[PDB]
Structure formats: C-alpha cells, structure tokens
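Protein chains: 2
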Amino acid sequence: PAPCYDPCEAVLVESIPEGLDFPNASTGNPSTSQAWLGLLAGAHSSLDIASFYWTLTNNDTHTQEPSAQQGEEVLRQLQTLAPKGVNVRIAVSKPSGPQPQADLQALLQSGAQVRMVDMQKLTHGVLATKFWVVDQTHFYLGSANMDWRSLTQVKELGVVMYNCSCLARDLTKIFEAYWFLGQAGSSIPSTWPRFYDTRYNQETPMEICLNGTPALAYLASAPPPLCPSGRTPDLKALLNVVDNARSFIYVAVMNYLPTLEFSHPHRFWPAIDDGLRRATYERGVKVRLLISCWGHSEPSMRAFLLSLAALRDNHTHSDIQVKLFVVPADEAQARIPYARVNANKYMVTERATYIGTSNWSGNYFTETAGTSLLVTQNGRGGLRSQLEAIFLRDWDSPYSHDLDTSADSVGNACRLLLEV
Amino acid sequence: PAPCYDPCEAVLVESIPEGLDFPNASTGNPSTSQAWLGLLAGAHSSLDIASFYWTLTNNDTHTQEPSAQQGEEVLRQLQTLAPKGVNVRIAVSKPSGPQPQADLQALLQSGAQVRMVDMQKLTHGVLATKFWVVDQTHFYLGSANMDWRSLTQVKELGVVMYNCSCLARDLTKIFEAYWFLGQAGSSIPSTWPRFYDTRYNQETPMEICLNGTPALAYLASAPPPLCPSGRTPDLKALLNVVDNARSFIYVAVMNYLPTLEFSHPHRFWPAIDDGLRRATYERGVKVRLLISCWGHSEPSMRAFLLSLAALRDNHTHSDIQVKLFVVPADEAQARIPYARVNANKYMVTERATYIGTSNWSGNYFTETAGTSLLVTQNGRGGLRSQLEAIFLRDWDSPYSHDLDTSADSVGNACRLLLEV
DNA sequence: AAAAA
DNA sequence: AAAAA
Ligand SMILES: *[C@@H]1O[C@H](CO)[C@@H](O[C@@H]2O[C@H](CO)[C@@H](O[C@@H]3O[C@H](CO[C@H]4O[C@H](CO)[C@@H](O)[C@H](O)[C@@H]4O)[C@@H](O)[C@H](O[C@H]4O[C@H](CO)[C@@H](O)[C@H](O)[C@@H]4O)[C@@H]3O)[C@H](O)[C@H]2NC(C)=O)[C@H](O)[C@H]1NC(C)=O
Ligand SMILES: *[C@@H]1O[C@H](CO)[C@@H](O[C@@H]2O[C@H](CO)[C@@H](O[C@@H]3O[C@H](CO[C@H]4O[C@H](CO)[C@@H](O)[C@H](O)[C@@H]4O)[C@@H](O)[C@H](O[C@H]4O[C@H](CO)[C@@H](O)[C@H](O)[C@@H]4O)[C@@H]3O)[C@H](O)[C@H]2NC(C)=O)[C@H](O)[C@H]1NC(C)=O
Ligand SMILES: *[C@@H]1O[C@H](CO)[C@@H](O[C@@H]2O[C@H](CO)[C@@H](O[C@@H]3O[C@H](CO)[C@@H](O)[C@H](O)[C@@H]3O)[C@H](O)[C@H]2NC(C)=O)[C@H](O)[C@H]1NC(C)=O
Ligand SMILES: *[C@@H]1O[C@H](CO)[C@@H](O[C@@H]2O[C@H](CO)[C@@H](O[C@@H]3O[C@H](CO)[C@@H](O)[C@H](O)[C@@H]3O)[C@H](O)[C@H]2NC(C)=O)[C@H](O)[C@H]1NC(C)=O
Ligand SMILES: *[C@@H]1O[C@H](CO)[C@@H](O[C@@H]2O[C@H](CO)[C@@H](O)[C@H](O)[C@H]2NC(C)=O)[C@H](O)[C@H]1NC(C)=O
Ligand SMILES: *[C@@H]1O[C@H](CO)[C@@H](O[C@@H]2O[C@H](CO)[C@@H](O)[C@H](O)[C@H]2NC(C)=O)[C@H](O)[C@H]1NC(C)=O
Ligand SMILES: *[C@@H]1O[C@H](CO)[C@@H](O[C@@H]2O[C@H](CO)[C@@H](O)[C@H](O)[C@H]2NC(C)=O)[C@H](O)[C@H]1NC(C)=O
Ligand SMILES: *[C@@H]1O[C@H](CO)[C@@H](O[C@@H]2O[C@H](CO)[C@@H](O)[C@H](O)[C@H]2NC(C)=O)[C@H](O)[C@H]1NC(C)=O
C-alpha cells in the first residue's frame with residue numbers, strides 16, 4: 074500500500090475530572106471538551122459520530138449540576154452546525170427501554186440524521202464504539218461517551234488525530250458499516266460488500282508521517298461478525314501487541330474480567346489472561362495492570378486480579394503488579410449517576426501502543442462492538458513515549474492503590490477492596 | 074465392543090513409608106511390595122515390566138539401609154522365576170550416563186530379556202511408565218518405580234487389577250510398542266501397525282464386571298507420537314475427566330507445573346490450569362489440590378499454585394483449595410538420595426477416577442512417556458469411593474499443610490514454603 | 001457508563 | 001525420582 078503523504082499529527086486528549094490533580098505540571102494536553110469544540114468549529118463538510126448514548130443535558134440525568142455546562146455547549150454547537158450544511162450523522166445504540174431522548178430529537182429537528190442501530194437483535198450486545206470523523210480529515214477515538222459526565226465527571230483517554238484523510242476514511246468505513254447495518258429491518262450480510270473492506274490491517278499496517286517521523290498505524294474493529302475480510306479483529310490485534318512486547322507491558326483499563334459477562338450461564342474467557350501470563354513467564358516482560366474500581370464494578374473481578382498479582386517469582390523473573398485507580402468522590406458528586414470513574418482503556422509497551430474504546434471482557438470482543446487504534450513508531454520519543462509518560466503518571470498517582478488496600482481508606486466506594 | 078466377561082477385581086495398593094501413620098484403622102490395602110510378591114509367586118507364563126530405572130539393591134544407592142530388604146527380596150524373586158520358564162521382559166529407559174547396572178545384568182544372565190529404550194533420541198524425553206503385566210491376566214499400574222525406596226521410602230498409589238485378561242492385554246500393547254520401538258536403531262514409525270492399535274478409548278470405553286457391578290474403564294498413553302490411532306492421549310483423557318465433573322475434583326499429584334520444564338527457553342503450558350479454572354468457575358465444582366513438596370521440587374511451582382488458591386469468590390461460588398503433602402524425614406533418612414516424597418499421581422471426581430504414572434507437567438504429556446487408567450462406575454461405592462476415601466484421608470492428614478505454612482514447621486525440607 | 005435477574 | 005546448566 075502507498076504511504077499516506079499527509080501531515081498526520083496526533084494529540085492525546087484526556088478529561089481530568091474536577092478534584093483530580095496530578096502535581097507534575099510537566100505533561101499537558103487539551104481536554105476532550107476543548108478538542109471536540111475545536112473540531113466542531115472547524116467542521117464545515119461532514120461530521121460522523123458513533124456513540125453509545127446521548128446525555129448532553131442536565132435534563133437527561135435529572136440532575137442540577139453546573140458541570141454539565143460544557144456538555145450543553147457541545148450540544149448547542151451540534152445544533153448550530155447542522156443548518157450550516159454539515160452532513161451530521163449519528164449512530165446510537167437502541168436503548169433497552171422507551172426512555173425519552175431530548176438531545177437526539179433536538180438534533181433530528183435541526184437536520185442531523187439519526188439511525189437507531191440495535192445490537193441486541195443482531196449479534197446480542199450493545200454498540201459501545203465512541204468515535205468522531207470530522208470532515209473526513211480529522212478523527213477522534215477514545216473512551217468518551219457523548220455525555221457531559223464523560224466530558225467532566227469521569228476520566229478519559231483518547232486521540233484526536235488531525236490532517237489524516239487516510240486514517241479518517243478508514244475509520245469512517247466502520248461508521249458506514251454501522252449506518253447501513255442499523256437503519257431498519259436489514260441484518261448482518263453474510264459477506265460484507267467491498268465498500269466496507271480495508272487494506273490496512275495487522276500484517277500490512279499503514280505508513281504515516283506521524284509528526285514527521287514515519288510510523289505504522291492501523292485500526293481494529295469488533296464484534297467479529299461486523300468485520301470485513303481486510304479488517305483485523307480487536308482481540309487479535311490486542312493479543313499480537315501483548316505478545317510482541319519484550320521488556321514491559323503497561324495496561325490501564327476500566328474493567329478487566331476474563332469471563333463472558335452479560336450472559337448466562339457464566340462462561341470462562343482466558344484469552345488476554347493467557348497472553349499476559351505467557352509474556353510475563355516465557356520472556357522477562359514486566360506486566361503492570363491499572364484497573365479502575367467504582368460502585369458499579371463486579372466484585373468477582375478481584376478474584377481474578379489476585380490470580381495475576383500472585384504470579385511473580387525469581388527463577389523465571391516473573392513480575393506482574395496489579396493496581397486499582399479509584400477516582401475520589403464527595404457528597405456533591407455522589408448523587409450523580411455514573412459520576413466518578415477512570416474510563417481509560419489502553420496499553421503501552423516498549424515498541425507499540427494500543428488505544429481502545431471497550432473494556433477488557435469477553436463481551437466487548439465477541440458481541441459488543443468496539444474500535445481500537447494501534448501505533449508503532451521506530452525511534453525514541455513520540456506518541457508511544459507520551460502514552461508511557463501518561464501511564465507512569467497514573468501509576469504513581471495518589472489515587473492508584475494496591476489490591477490489599479482497605480476500601481474505607483479510598484475516597485470513593487470500591488467493591489474490589491476488602492474492608493479493614 | 075463386546076463386554077469383557079471376566080471377574081475383573083481391583084485393589085488400590087499403596088506403600089506407606091516408615092514413620093507415616095494414619096490414625097484411622099478403617100482403610101487397609103495390601104502394600105505395593107506384598108502385591109508384587111504375590112504377582113511374582115503366581116507368575117508362571119509371562120511377566121512384562123515397564124520401568125524408569127532399576128535400583129533394587131543397597132549397592133546401587135551406595136547406602137547401607139536395612140529397609141532395602143524387601144526390594145532385594147523382589148530382585149531375588151525376579152532372579153528365581155526366570156529359569157522356571159517365565160518370559161521376563163523389561164523395558165528400561167537408557168540412562169544419561171554410563172553408570173553400572175547391577176540388577177539389569179543380574180536378570181540378563183538369568184535369562185530375562187532387557188531392551189534399552191532411549192527416549193531422548195526418539196521424542197526428546199524419558200520413559201517414566203511404571204507398570205506390570207503378569208501372565209497377561211493381572212496387571213499393575215502406579216507410581217512405583219522398580220526401586221527399594223519406591224517400595225518403602227516413598228509413598229505410592231497404584232492399582233493391582235486381577236483376573237482381567239482384556240485390560241491386561243490392552244495394557245501390554247503399550248509394552249509391546251515400547252519393546253519394538255526401543256530395541257536398536259529403529260525409530261518411531263509414521264503409522265503404527267495394527268498390532269498396537271486398540272479399540273477401548275474415551276468415546277468407547279471397555280465394559281468390565283468390576284467387583285460384579287458393571288463399570289467403564291480404559292487406558293490412556295503418552296507421548297502423543299507413541300500413540301496408535303485407537304489409543305486416547307493421556308492429556309485428552311485427563312481434560313475430559315476434569316471437564317465432566319460437576320460437584321468436586323480432588324487431585325493428588327507429586328508435581329503440578331503448567332510449564333514445559335526440562336527444556337529451554339521456558340515455555341508456558343496452560344492446559345490443565347485452564348480446565349481447572351473453567352470447571353471451578355462455570356460450574357460450582359469444588360477443586361481440591363494436594364501437591365507434594367520435597368528437596369527436589371522447583372521453587373517456581375509455588376508461584377503458580379498461589380495463582381490457583383487465590384481464585385475463590387461467592388458470586389460464582391468458586392472454591393479452589395491447594396495443600397502440600399510433605400513426607401517427614403529424619404537424620405537417618407536424610408542421607409538416602411530421593412528418600413522421602415509422596416509420589417502419588419491421581420485424581421477423583423464424583424463420577425470418575427483417574428490414576429496416572431506421570432506428574433502434571435508439560436513434558437510428561439508431550440515428550441515423556443506415561444500411562445493412566447480411567448474408571449467410571451455407575452452406582453454408590455466401589456473403586457471411586459475407595460479412592461475418594463484415600464484422598465480425604467490424605468487431605469486431613471497431619472502431613473498436609475496450607476500454602477502459607479512455615480517451612481521450618483514441616484518435618485522435611487520444602488522449597489515451596491516461605492521461611493517464617 | 002454496558003449493572004441490573 | 002526425571003533436578004541438575
Ligand atoms: C505532534 O504535533 C501535534 C501538533 O502540534 C502536537 O500537538 C500538540 O501537543 C502539545 C503537547 O502535547 C500541546 O501543547 C500543550 O497544550 C495544552 C493545551 O493547550 C490548550 O489549552 C490551554 C488550557 O488553558 C490553553 O491555555 C492553550 O492556549 C491551548 O488552547 C497545554 O495545557 C500544555 O501546557 C502544559 O505544558 C506546559 C509546558 O509545555 C506547561 O507550562 C503548562 O503549565 C501545561 O502544563 C501544552 O502547551 C499542543 O496544544 C498540541 N497542539 C494541538 C494543535 O493540539 C503533538 O503533541 C505532537 N506529537 C508529539 C509526540 O510531540
Ligand atoms: C473387589 O474385590 C477385590 C478382591 O477381594 C477386593 O480386594 C480386597 O480388598 C480388601 C479391602 O480393600 C482387602 O482387605 C484388606 O487387606 C489388607 C491387606 O491384607 C493383607 O496384608 C495384611 C498385612 O498384615 C495381612 O495380615 C493379611 O493377611 C493380608 O495378607 C488388610 O490390611 C486390611 O485390613 C484393614 O482393614 C480391617 C477392617 O476390614 C482392619 O481391621 C485392619 O486392622 C486393617 O486396617 C483388609 O483386610 C483384601 O485383601 C483385598 N483382596 C485381595 C486379594 O487383594 C477389592 O477391595 C474389591 N473392591 C471393592 C471396591 O470392594
Ligand atoms: C492541519 O492542517 C492545517 C492546514 O495546514 C493546519 O492549519 C494551518 O496551521 C498553521 C499553523 O498552525 C497556519 O500557519 C500560520 O498561518 C498564519 C496565517 O494564517 C500565519 O500568520 C502564521 O505565522 C502561521 O504561518 C496555517 O495558516 C494553517 N492553514 C490553514 C489552511 O488553516 C492545522 O494547524 C493542522 N492541524 C494541526 C493540529 O496542526
Ligand atoms: C482370580 O481368579 C482366580 C481363579 O478363580 C482366583 O483363585 C481362586 O480363589 C478362590 C478364593 O479366593 C479359591 O476358592 C477357594 O478354593 C479352595 C480350594 O482351593 C477352597 O477350599 C475354598 O473354600 C475356596 O472355595 C479358588 O480355588 C481359586 N482358584 C484358583 C484356580 O486359584 C483368585 O482369587 C482371583 N483373584 C482375586 C484377587 O480374587
Ligand atoms: C430541560 O429542557 C427544557 C426545555 O428544553 C428547559 O427547561 C424546562 O422547561 C421550562 C423552562 O424552559 C421549565 O418549566 C421546565 O420545568 C423545565 N424542565 C425541567 C425538567 O426542568 C431546559 O432546557 C432544561 N431544563 C434544565 C436544564 O433544567
Ligand atoms: C529474589 O526475590 C526477592 C524478593 O522476591 C528479591 O529481594 C528483594 O525484594 C524486594 C521486595 O520484593 C525488592 O524491592 C528488591 O528489589 C529485591 N532485591 C533486592 C536486592 O533487594 C531478590 O532480589 C530476588 N533475587 C535474588 C537473587 O534473591
Ligand atoms: C553388592 O554386591 C556384591 C556382589 O553381588 C555383594 O557385596 C560385595 O562383594 C563382597 C561381598 O560379597 C564385598 O567384599 C564387596 O565390598 C561388596 N560390595 C559392596 C559395594 O559393598 C553384595 O551382594 C552387595 N553389597 C551390599 C548389599 O552391601
Ligand atoms: C461469602 O464468603 C464468605 C467468606 O468468603 C462466607 O463467610 C464464611 O467464610 C468462612 C471462611 O471463609 C467459611 O468457613 C464459612 O463457611 C462462610 N460462611 C458462613 C455462613 O460462615 C459467606 O458464607 C459467603 N456467602 C455470603 C452470602 O456471605
């Protein structure tokens with residue numbers, strides 16, 4: 074494949090929730106809200122948004138919180154740019170219940186096309202892919218739902234990638250697949266049409282001029298059915314990256330459960346666990362795990378995390394460390410539903426970086442839809458170094474604790490920490 | 074296949090080392106030495122012995138211990154029955170070094186055919202199958218090497234199965250394969266001749282009148298190359314038995330390491346571990362692990378055992394308990410090489426029983442040769458109940474300790490227990 | 001934000 | 001008894 078001769082730059086945007094403060098003053102990136110506002114201001118031809126749910130108002134949460142202001146602003150911008158001529162298209166998973174949808178109808182009346190994709194009746198899951206494609210030259214990919222709490226109340230990790238028409242259209246292709254697949258009546262085709270096929274997969278990634286220095290990047294999609302022949306499955310890419318590492322593997326994910334949740338009877342899913350154990354045993358790879366715990370985390374997950382932190386010895390030089398990153402909450406933020414959590418889902422090695430939109434559980438890789446970006450840069454510094462610095466800042470943060478920490482000591486309510 | 078109309082009875086023989094005493098007086102079986110002596114006395118037509126090594130003298134150990142007397146007696150019997158007309162045939166793995174072999178030459182001069190099978194040059198391993206076939210009607214299968222220490226100094230678990238011409242010849246077939254395969258020059262055939270093929274495998278086991286009540290039994294062999302089309306691999310049978318269980322799984326094995334030992338670079342082998350985790354998570358199966366620790370155990374093994382004992386929670390009702398069975402030793406028994414250990418390798422469920430000759434490591438299932446017996450009896454009581462009683466006696470014995478036990482507290486030297 | 005028999 | 005670079 075011909076290299077993409079475009080000034081593809083890339084910014085690691087993150088939304089630090091109020092209260093959280095890293096006392097380093099050395100790493101600084103635009104927040105998710107700032108990047109989204111800039112993309113909307115620069116949007117003049119197209120805007121494709123794949124989202125899980127839309128809660129850009131204090132109305133939909135039934136809360137009176139000023140912190141939603143930024144989110145409301147985004148909604149206002151989304152209302153203003155539709156009449157200007159931008160072909161706004163939004164794919165949002167069909168809600169389980171018939172709850173009112175103020176934002177979606179507000180954009181529909183303005184002129185924004187909305188299609189209700191229903192993953193439950195197609196592959197038995199939800200559509201949890203959160204990404205943007207702006208003018209088909211820039212794009213966004215991260216853990217930020219189209220919510221005000223996502224912008225302010227929870228922590229995110231995403232990439233805004235500018236001037237990359239080639240990686241922007243390869244990402245759209247997924248949005249086009251969602252658009253065609255979830256309009257009405259139509260089901261998953263046996264064979265995907267060539268329009269959705271891609272050429273930049275794991276064996277032949279795409280060459281970009283990522284800040285001048287050449288780099289190899291490509292996107293991975295899920296669930297396996299909604300995947301064309303060219304596209305590399307998200308699980309396969311994740312396993313390849315965790316296997317190719319030879320020095321260290323740093324993982325910061327919201328939820329890591331090696332089981333097929335959201336289904337019964339309970340099923341065991343040892344896919345990422347086996348890869349982590351292989352990498353940490355056969356090779357001297359040091360594995361560092363950073364999970365996030367809140368009030369809506371499965372208490373069984375600890376029982377698996379303890380199964381990994383206990384595998385470390387001298388003879389094979391095994392080294393696995395597991396830490397929980399819990400976002401502190403107060404009385405004011407307690408009343409907000411799904412208020413405080415670290416939703417970042419990514420990992421970084423000494424030779425590659427993976428940034429995804431789905432938690433590390435069997436559903437997100439076999440049923441729930443998701444998208445991830447893989448970047449490998451030959452050289453010292455760059456995107457990989459920036460993400461490694463982000464992960465170490467997270468790792469040494471006061472909010473990151475060991476698996477033996479007392480739950481009451483942590484500010485927020487954690488179900489994975491035994492009391493006293 | 075037609076059922077084997079033979080009074081196939083079955084005795085669980087075990088060799089309790091001196092010093093060990095279970096204060097129950099309710100379970101009693103003939104020792105391995107007694108059963109071997111009875112088989113030799115009743116031997117008049119044939120005697121096939123597959124063994125790892127031959128140390129039936131105080132000479133070969135270079136020790137002066139009266140406890141070898143029984144072993145010497147066995148050797149004497151093995152010398153006496155050869156001139157009587159018994160076709161004694163012994164398959165013993167070729168030693169790494171050119172050490173003297175008094176017992177093998179003593180039997181060779183009497184008239185016992187000995188063939189030096191060399192597993193290292195054939196499949197890259199050793200021949201660790203310990204079994205007897207006496208007159209092709211009885212047989213023995215257990216963890217007892219042809220050693221005096223095996224008979225007295227270490228603990229064993231084996232089956233002597235009388236009046237079973239059908240299960241005796243199915244076991245011989247393996248000895249015939251070893252005999253032909255390890256004579257001289259000849260290598261492993263691509264396709265095994267029909268003479269070594271068997272009909273009683275996992276899908277179609279053999280029906281026997283095991284103490285009157287019908288039962289389904291069959292044998293499994295390793296390594297996968299020295300296996301005909303009919304024969305079921307040992308690993309496949311082990312996985313099937315650990316998967317079919319629905320209530321509990323009790324495992325008492327000498328060494329359980331989910332790695333490919335005896336080879337470099339270090340390799341990860343998550344085959345039995347994954348099955349145990351699946352059984353204990355998907356179903357409410359209670360898994361109890363009884364490992365044995367001595368002075369020649371890999372210290373890394375604890376790092377994996379802690380990975381299993383830490384997987385137990387309420388939401389999925391997971392329950393895995395790991396215990397170490399350490400045979401106490403004194404100053405007198407310390408000087409004996411490979412003196413005190415619990416060498417039993419078996420497991421029992423609520424519906425099946427597995428008795429093997431090899432430890433639970435990757436080599437023993439992929440390179441090292443081994444044989445195991447599988448029995449499933451429909452009813453309450455019988456062989457399965459006897460083995461379950463044996464396992465619970467072992468589990469509650471004072472010699473069985475938890476993984477957090479202090480090493481100095483245990484009588485013997487254990488490398489898997491952290492000091493103080 | 002995929003917690004919700 | 002498969003501990004032995
Ligand atoms: C590849 O090329 C792209 C294109 O330039 C680079 O993207 C730039 O990345 C740098 C650093 O990652 C960004 O610089 C940082 O911007 C942050 C956001 O600035 C906006 O928001 C603040 C909010 O108050 C406004 O005041 C400001 O005017 C902007 O609107 C700043 O917060 C950062 O400052 C932090 O670091 C400095 C030290 O440098 C400290 O003194 C500060 O206190 C603070 O801690 C910083 O300035 C830049 O904005 C990005 N550009 C764009 C267009 O997004 C990629 O980084 C590059 N890739 C690599 C690997 O280098
Ligand atoms: C299917 O059928 C076969 C054929 O009979 C059964 O095999 C018999 O199994 C029973 C019990 O498992 C055996 O009985 C036990 O024998 C032990 C060994 O006895 C020999 O060694 C002692 C050593 O001193 C000699 O004294 C003795 O004369 C024998 O030469 C005994 O040690 C056992 O005694 C224990 O239990 C009793 C209570 O019953 C206590 O009072 C004792 O103190 C001691 O704790 C016991 O007698 C029998 O020997 C086996 N027969 C053969 C030929 O091997 C299978 O058991 C059967 N299967 C099932 C499931 O029932
Ligand atoms: C993506 O590509 C566009 C197109 O090149 C970038 O916009 C360009 O940004 C540069 C500097 O950021 C601008 O250069 C400046 O121009 C002004 C006059 O407009 C001049 O006074 C300055 O000294 C400087 O030279 C350039 O004009 C501008 N071009 C356009 C068409 O907007 C954009 O910055 C790229 N994205 C990122 C994240 O860098
Ligand atoms: C395997 O099969 C052989 C053959 O049947 C069994 O040997 C038989 O054992 C029974 C009792 O154990 C003997 O019965 C006894 O016979 C004597 C006379 O010899 C009699 O006085 C007793 O009252 C009793 O009836 C039988 O004779 C004997 N037969 C032979 C040919 O040895 C053997 O016991 C079986 N194996 C096991 C473990 O049971
Ligand atoms: C919710 O949306 C409505 C209309 O878009 C706005 O407030 C509602 O309408 C009037 C005020 O305009 C009030 O009498 C209603 O009680 C309001 N509804 C609610 C649920 O408060 C406003 O845009 C939104 N309300 C907010 C953000 O509080
Ligand atoms: C063997 O492992 C031990 C601990 O598992 C190592 O000892 C130290 O352990 C602490 C806490 O785990 C570490 O912070 C140190 O870095 C370890 N090393 C030293 C020198 O203090 C020990 O180093 C390992 N290796 C050997 C040869 O004993
Ligand atoms: C070892 O075998 C030899 C011959 O089979 C026996 O003892 C050896 O020979 C004479 C006594 O017959 C002694 O002078 C030697 O010193 C003995 N050898 C050793 C190593 O002691 C006897 O059968 C065996 N020796 C034992 C069991 O101590
Ligand atoms: C939940 O788990 C706890 C412990 O993991 C159970 O509490 C007791 O724990 C001890 C020691 O582990 C056991 O010996 C008891 O059998 C457990 N039960 C009781 C009633 O004491 C607890 O039972 C589990 N279930 C619930 C509903 O809490």
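One line per chain: the protein sequences are A and D, in this order. If you use PDB author numbering, the first sequence closes out at 493, no skipped numbers anywhere. If you use PDB author numbering, the second sequence closes out at 493, no skipped numbers anywhere. The C-beta atom is built at its ideal place from N, Cα and C for all residues, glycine as well.
Exercise. Does DSSP put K167(A) in a helix, in a strand, or in coil?
Worked result: DSSP places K167(A) in coil when its eight states are reduced to three.
Exercise. What residues from chain A crowd round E355(D), counting only those whose CB sits closer than 8 angstroms?
Worked result: Near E355(D) (Cβ distances below 8 angstroms), the residues of chain A are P338, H339, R340, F341.
Exercise. Is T130(A) near ligand 5, judged by its Cβ being under 7 angstroms from some heavy atom?
Worked result: Because some heavy atom of ligand 5 lies under 7 angstroms away, the Cβ of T130(A) counts as near it: yes.
For this session: In the DSSP assignment, find the alpha helix (DSSP H) that holds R453(A) and state where it starts and stops.
Result: Counting along the chain, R453(A) falls outside any alpha helix (DSSP H), and DSSP gives it neither H nor E.
Exercise. So what does DSSP say about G443(D), is it helix, strand or coil?
Worked result: Strand.
Problem set entry | Cutoff 8 angstroms; reference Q143(D); Cβ partners in own chain excluding five residues on either side | Correct list, in chain order: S106, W221, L224, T225.
Exercise. Quick one: any contact between the segment 381-391 of chain D and the segment 183-197 of chain D, if contact means 3 or more CB pairs under 8 angstroms?
Worked result: When C-beta atoms of the segment 381-391 of chain D are compared with those of the segment 183-197 of chain D, fewer than three pairs fall below 8 angstroms, so the two segments do not count as touching.
For this session: Go to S106(A), then tell me how far its alpha helix (DSSP H) extends in each direction, as first and last residue.
Result: First-last of the alpha helix (DSSP H) with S106(A): 105-115.
Exercise. Any chance the CB of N236(A) is under 7 angstroms from a heavy atom of ligand 3?
Worked result: Because some heavy atom of ligand 3 lies under 7 angstroms away, the Cβ of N236(A) counts as near it: yes.
Exercise. Taking a cut of 7 angstroms between CB atoms, which residues from the segment 378-389 of chain D lie near chain A?
Worked result: Those would be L379, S380, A383, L384, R385, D386, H388, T389, in chain order.
For this session: Give the residues of chain A in contact with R351(D), contact being defined as C-beta atoms less than 9 angstroms apart.
Result: In chain order: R340, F341, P343.
For this session: Could you tell me whether any non-hydrogen atom of ligand 6 is closer than 7 angstroms to the CB of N97(D)?
Result: Every heavy atom of ligand 6 is 7 angstroms or more from the Cβ of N97(D), so no.
For this session: Can you tell me which of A412(D), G443(D), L154(D), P331(D) puts its alpha carbon nearest to the alpha carbon of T128(D)?
Result: Among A412(D), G443(D), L154(D), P331(D), the Cα nearest to that of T128(D) is on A412(D).
For this session: Please classify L491(D): is it buried, with 16 or more other beta-carbons within 10 angstroms of its beta-carbon, or exposed?
Result: Exposed, since its Cβ has fewer than 16 Cβ neighbours within 10 Å.
For this session: Report back the beta-carbon spacing between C77(D) and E280(D) to the nearest angstrom; my notes put them in contact at under 8 angstroms.
Result: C77(D) to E280(D), Cβ: 7 angstroms. Contact.
For this session: Measure from the C-beta of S320(A) to each C-beta in chain D and report whether the shortest distance is under 8 angstroms.
Result: It does not; no Cβ of chain D falls within 8 angstroms.
Problem set entry | Where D307(D) meets chain A, residues with beta-carbon distance less than 8 angstroms | Near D307(D) there are no residues of chain A at all, since even the closest Cβ is about 22 angstroms away, more than 8 angstroms.
Exercise. Does the separation of the CB atoms of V147(A) and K167(A) fall below 8 angstroms?
Worked result: Inclusion of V147(A) and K167(A) in the CB contact set at 8 angstroms is not warranted, their separation being larger than that value.
Exercise. So which residues of chain A does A376(D) contact, with C-beta pairs closer than 7 angstroms?
Worked result: Within chain A, the residues whose beta carbon sits less than 7 angstroms from that of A376(D) are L384, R385, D386, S391, listed in sequence order.
For this session: Kindly list the residues whose CB is nearer than 6 angstroms to the CB of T305(A), restricted to its own chain and excluding five residues on each side of it in sequence; keep chain order.
Result: Once the five neighbours on either side are set aside, the close Cβ partners of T305(A) are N274, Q275, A293.
Exercise. Does the distance from the CB of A352(D) to the CB of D316(D) come in under 8 angstroms?
Worked result: Against a cut-off of 8 angstroms, the Cβ pair of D316(D) and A352(D) comes out as a contact.
Problem set entry | Beta-carbon spacing of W468(A), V326(A) below 8 angstroms | Judged by beta-carbon spacing, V326(A) lies beyond the 8 angstroms limit of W468(A), meaning their Cβ atoms are not closer than that value.
Exercise. Closest Cβ-Cβ distance between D347(D) and chain A: below 8 angstroms?
Worked result: The beta carbon of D347(D) sits closer than 8 angstroms to some beta carbon of chain A.
For this session: Could you round the C-beta distance between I345(A) and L311(A) to whole angstroms and report it? I think they count as a contact, below 8 angstroms.
Result: About 7 angstroms; that satisfies the 8 angstroms criterion.
Problem set entry | Per DSSP, the bridge partner or partners of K359(A) | Answer by DSSP bridge pairing, in chain order: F321(A), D392(A).
Exercise. Hey, would you say the C-beta of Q107(A) is under 7 angstroms away from at least one heavy atom of ligand 1?
Worked result: Yes, the Cβ of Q107(A) comes within 7 angstroms of a heavy atom of ligand 1.
For this session: Starting from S434(A), find everything on chain D with Cβ-Cβ shorter than 9 angstroms and list it in chain order.
Result: Residues of chain D passing the Cβ test: none, with the nearest at roughly 14 angstroms.
Exercise. Using a beta-carbon distance below 8 angstroms, is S238(A) in contact with chain D?
Worked result: Between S238(A) and chain D, the shortest Cβ-Cβ separation is not below 8 angstroms.
Exercise. Taking Cβ positions only, does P372(D) come closer than 8 angstroms to chain A?
Worked result: A Cβ of chain A is located within less than 8 angstroms of the beta carbon of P372(D).
For this session: May I ask which residues mark the beginning and end of the beta strand (DSSP E) holding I409(A)?
Result: Where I409(A) is concerned, there is no enclosing beta strand (DSSP E), because DSSP gives it neither an H nor an E.
For this session: Indicate whether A462(D) and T100(D) have their beta-carbon atoms separated by less than 8 angstroms.
Result: Yes. Within cutoff.
Exercise. Rounded to a whole number of angstroms, what is the C-alpha to C-alpha distance between residue 31(A) and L456(A)?
Worked result: Because chain A in this structure spans residues 74 to 493, residue 31(A) falls outside the shown range and cannot be described.
Exercise. Are at least three pairs of beta-carbons, each pair with one atom in the segment 432-452 of chain D and one in the segment 103-122 of chain D, less than 8 angstroms apart?
Worked result: Taking one beta carbon from each stretch, the segment 432-452 of chain D and the segment 103-122 of chain D have fewer than 3 pairs nearer than 8 angstroms; the two do not touch.
Exercise. When you compare only the Cα positions, how much space is there between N328(A) and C366(A)?
Worked result: Approximately 8 angstroms, taken between the alpha carbons.
Exercise. Near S370(D), which residues of its chain fall below 8 angstroms by C-beta distance, leaving aside the five closest residues on each side in sequence?
Worked result: Within the same chain, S370(D) has close Cβ partners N328, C487, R488, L489.
For this session: Throw me the rounded Cβ distance for the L330(D) and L476(D) pair, which I believe falls under 8 angstroms.
Result: Going by Cβ atoms, the distance from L330(D) to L476(D) rounds to 15 angstroms, so no, they are not a contact pair.
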